[PDB]
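Let's start with one chain on its own, the form solved without adenosine monophosphate (AMP), as structure tokens.
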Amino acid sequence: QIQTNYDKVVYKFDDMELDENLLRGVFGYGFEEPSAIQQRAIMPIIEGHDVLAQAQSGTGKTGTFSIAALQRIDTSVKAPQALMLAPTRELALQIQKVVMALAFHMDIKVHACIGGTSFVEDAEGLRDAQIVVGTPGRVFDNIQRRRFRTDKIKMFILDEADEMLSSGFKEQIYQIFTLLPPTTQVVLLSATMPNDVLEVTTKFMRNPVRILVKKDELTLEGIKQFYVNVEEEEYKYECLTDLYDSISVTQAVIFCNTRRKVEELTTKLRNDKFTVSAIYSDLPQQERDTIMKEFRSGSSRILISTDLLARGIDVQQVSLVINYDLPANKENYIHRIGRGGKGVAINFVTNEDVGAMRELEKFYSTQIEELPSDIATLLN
């Protein structure tokens, strides 16, 4: 979801105190209701804060800094007031179209400082322009050659910071900062939040409002890696049946590599009264949440599912997770036993899954001990 230190949302462009002309342009362009990032990032930008926003490429994001920037432009001033940087000529040109359209009912000049341009037209455009958009290299060159005066600049937008940095624009971006008024508001939009952006964020921004995407991490520390060698694929079921004698409730989830296995296991288990909840990557939306509600409530201590749902499966209050089938792809091991924030994971390997479980210890660095006869302990 969204993690932010601003906590203030506006749900409609009408409630943003937008100049009437800009607002006509917002609706005229096709914007109806603010998107998730627009409901949070526009106001803080308008208000003058330095803002760091994690936003995927798209018209929603472009609208965000475009709308805000147009709202802070002093039409009376016929000099650059806002500078927007992009990774490529094309992206810059697209941004210039968006702002232009948004300003369809206003009279603000927007210059594209990009490759392929007679410096005579470039000088002329950068003189009277109120919003300048271009690529780092070209922008820096024009600032150094005095063709682009930056004293009236009040806002600095860094679109796709990650891409710009990874494209090799770090030096020029850093140099642009020192060539812009020290008080300039800094706004940075980025799909990812790598150290490169964090570095810029920390060196150039001031107590910025941060609007980030939640996500989470791996983690195999809240869980204990225990395995059992059934030797033959055929002896797994009985080994799993014996486990349910020294566990005492706890409720567990069991993952299989194939859908059929999930059913056979479910069948064999139900043929013995074992009330198990089975879920496959195909049940309609209305049926999947029905089985989950039955598990996260209606008794049902066991929950069997395939490896494909591991990512979407919200391992509820489970103190035990069983791997009937050792994951096919090492990467999906944690998706099955991750937990982002007690924890026991038991693996059922045969006389073939050998060295295969070691890869899950090479792909990682955690220890997968053997399961001792004493189980009533391993589960609190």
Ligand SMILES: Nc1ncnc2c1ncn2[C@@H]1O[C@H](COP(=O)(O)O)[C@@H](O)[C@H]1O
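Rigid core here is just the name for the largest C-alpha set that superposes within 1.5 Å across the two forms. Heads up: residue numbers just count along the shown sequence, starting at 1. Only residues modelled in both forms are compared.
Same protein, other form: the form deposited with adenosine monophosphate (AMP) bound, not shown, and the subject of what follows.
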Open or blocked, can you tell me? Superimpose the site C-alphas, put adenosine monophosphate (AMP) where it sits in the entry with it bound, and call it blocked only if 3 or more of its atoms are within 2.4 Å of a backbone or C-beta atom. blocked
Would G28 count as a contact of adenosine monophosphate (AMP) in the entry with it bound, using a 4.5 angstroms cut-off between non-hydrogen atoms? no
Adenosine monophosphate (AMP) contact at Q54 in the entry with it bound, heavy atom, 4.5 Å: no
Using a 4.5 Å heavy atom cut-off, state whether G63 contacts adenosine monophosphate (AMP) in the entry with it bound. yes
Does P34 reach adenosine monophosphate (AMP) in the entry with it bound if we count a contact as any heavy atom within 4.5 Å? yes
So adenosine monophosphate (AMP) isn't shown here. In the entry with it bound, which residue out of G58, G48, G355, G312 has a non-hydrogen atom within 4.5 Å of it? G58
Out of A161, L91, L303, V200, I need the residue that shifts by 2 angstroms or more at the Cα between the shown form and the other one, core superposed. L303
Rigid core fitted, then: does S319 show a CA shift of 2 angstroms or greater between the shown form and the other one? yes
Spell out whether the Cα of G222 moves at least 2 Å between the shown form and the other one when the two forms are superposed on their rigid core. yes
Just checking, between the shown form and the other one and with the core aligned, does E361 shift 2 Å or more at the CA? yes
Would you mind telling me if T202 and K215 are closer or farther apart in the entry with it bound than in the shown form, C-alpha to C-alpha, with a 3 Å or larger change? farther
Superpose on the core, then tell me which runs of at least 3 consecutive residues have all their CA atoms shifted by 2 Å or more between the shown form and the other one. 1 to 3, 213 to 339, 342 to 378
